[PDB]
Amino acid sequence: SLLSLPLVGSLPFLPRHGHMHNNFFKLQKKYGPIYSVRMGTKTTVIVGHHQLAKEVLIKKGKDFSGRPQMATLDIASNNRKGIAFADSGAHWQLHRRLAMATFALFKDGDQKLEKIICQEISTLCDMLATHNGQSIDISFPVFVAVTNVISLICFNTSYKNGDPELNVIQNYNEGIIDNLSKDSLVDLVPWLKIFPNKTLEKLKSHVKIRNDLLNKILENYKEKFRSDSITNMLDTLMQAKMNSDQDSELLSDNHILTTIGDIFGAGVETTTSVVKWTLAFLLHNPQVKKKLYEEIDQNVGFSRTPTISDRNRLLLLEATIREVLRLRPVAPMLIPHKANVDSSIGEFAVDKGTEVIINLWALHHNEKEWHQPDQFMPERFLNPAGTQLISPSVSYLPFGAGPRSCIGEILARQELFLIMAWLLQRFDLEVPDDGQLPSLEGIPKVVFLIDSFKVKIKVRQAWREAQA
């Protein structure tokens, strides 16, 4: 009759074993779609069912629109400025509205968002075409294309080919994403505070390069700014600073710096990442990819290059994108939410300041809401006749919802569709000469990245004949 050992701590699973978003998901078979963990004083709630998720994001969105405070996120956002890592309050509301207003501009005009995107995609396809017959990592080329686009939206500026600044930006992007969090942003145990490490040291130095670069651009642009011409995001932010000079403290330089940084960062890493994910799946699914070549041929052909209007006709492509955004969400656990006030979820009590995580991965893989969810099946987003798109499930939130939903969704959907439409029209994208296929397991960082891989690019037999 022995006594049981006193218990000091208890965690449901091993830390740093498997992907957090899948460990939390597997836990639901034991504890249900909502449960909590406690770290000292901090408490975290994980939510794995869509009804509970739509409560947190929508029905009670404003109750749960805060952002928790993390040492790394402070450095990366210059102490909780910007949009994504700014808590709910005066600053976030202002900057999210102005960022949303800038995008609203790019409704068709002399800078119809499509035209910006298409100009930089056309450059890209000319690069890739020089690698005709070779196996390459497509990361940096697509990085350049989207970097020019968001740079145009932010400053009406693009980078000429070969600009060494692009290599500088790529370098500090990888540096921050590396040290922003070991894996997912949700970290059960606070490892950086426990043991000696250089993580915040490294993070600071990449942020110093990033802030110094954006500071050059901004100080430069004060001399280009004319109140009669408000055509990009920096114009928008300065105009606002101009008009208010309680809002002048909200639109300081450091504030404007961070918002632009948030946009410049999100616009490149998310879309570049989703493109790589899509090619990876197509290399694993030639049957899909063949069907995609047929689709484009019988609806766009080679008389001309694809267009946003072509979303009507290239449905299997729209479907494919939907299915990638489901299988491999950019933010499989969104960005951590925080309870701004005493509230409830599923009529369980949630106290002020409590961290709340939506397990978007659990929503996209719940077997009751999805037919064979771990499968790549773009067909699930099409009626059985292949003729129009459908919403097969209610647990599908690739861009979130509510007060914190994605602000660059429109941009993302158009960049994604045009990149994949131009590439399939022009190139056979096949497995390299080594038998290697990309690992579809992914790498959970602040964004769900795919390990780098190589694709063999060949100009299409058809696209060639159409040049005579």
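Note that residue numbering follows the sequence shown and begins at 1. Note that the rigid core is defined as the largest set of C-alphas that superpose within 1.5 Å between two forms.
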| message | Can you check whether 105-113 or 357-365 lies farther from the displayed model in 6 other deposited structures of this protein, averaging C-alpha distances as RMS after superposing on the core? | response | 105-113
| field | Stretch with larger C-alpha RMS deviation in 6 other deposited structures of this protein, core superposed, 161-169 versus 182-190 | value | 182-190
| Between us, would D351 come up missing in a third or more of the other compared entries? | no
| Thinking of the other compared PDB entries, is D228 one of those residues unmodelled in at least a third of them? | no
| field | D245-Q246 interval: deposited residues absent from the model | value | 4 to 9
| With respect to the recorded C-alpha B factors, which stretch has the higher mean value, 279-287 or 221-229? | 221-229
| said: So, looking at the entry's B-factor column for Cα atoms, which has the higher mean, 247-255 or 331-339? | reply: 247-255
| request: Tell me which of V350, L397, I83, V300 tops the list for C-alpha B factor in the record. | output: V300
| said: Looking at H364, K208, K107, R96, which one carries the largest C-alpha B-factor according to the PDB entry? | reply: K107
| remark: Chain-relative C-alpha B factor for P196 (record values, thirds): the lowest
| note | Binned into thirds over the chain's modelled residues, the C-alpha B-factor of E120 lands in the middle
| Based on the entry's values, in what third of the chain does the Cα temperature factor of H19 lie: lowest, middle or highest? | middle
| task | Tell me, lowest, middle or highest third: where does the Cα B factor of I34 rank within its chain? | result | lowest
| message | Could you place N312 in the lowest, middle or highest third of its chain by Cα temperature factor, using the values in the record? | response | highest
